[PDB]
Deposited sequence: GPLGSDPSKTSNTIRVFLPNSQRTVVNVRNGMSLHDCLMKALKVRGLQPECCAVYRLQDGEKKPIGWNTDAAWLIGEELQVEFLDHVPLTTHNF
């Protein structure tokens, strides 16, 4: 019921997956503790290679896998 998440600066954390959680809601608290926001990051699925996935991914399908979170490049937004 957990996902292993590799963070920038050689950090790591374990997140619990409740039924129906999106990746955003799943990693929200753990990133906030590190002082990070998910919408300012990119997330990858580690297989064998970094494959990109969206923050609206259903996290229940990723239980038991390893993820990697990277900072987005600092480019201005239209938001």
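By the record, the deposited chain contains unmodelled runs at 1-11, 60, 92-94, with no C-alpha atoms placed there.
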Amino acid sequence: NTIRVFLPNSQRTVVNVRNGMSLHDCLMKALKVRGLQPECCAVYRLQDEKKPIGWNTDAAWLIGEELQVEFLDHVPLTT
From here on, numbers count along this sequence of modelled residues.
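Judged by mean Cα B factor in the deposited record, 8-16 ranks above the other of 8-16 and 66-74. In this PDB entry, residue 26 carries a Cα temperature factor that places it within the middle third of its chain's modelled residues. When the CA B factors of the chain's modelled residues are split into thirds, the value for residue 51 lands in the middle one.
The PDB entry assigns residue 40 a C-alpha temperature factor belonging to the middle third of its chain's modelled residues.
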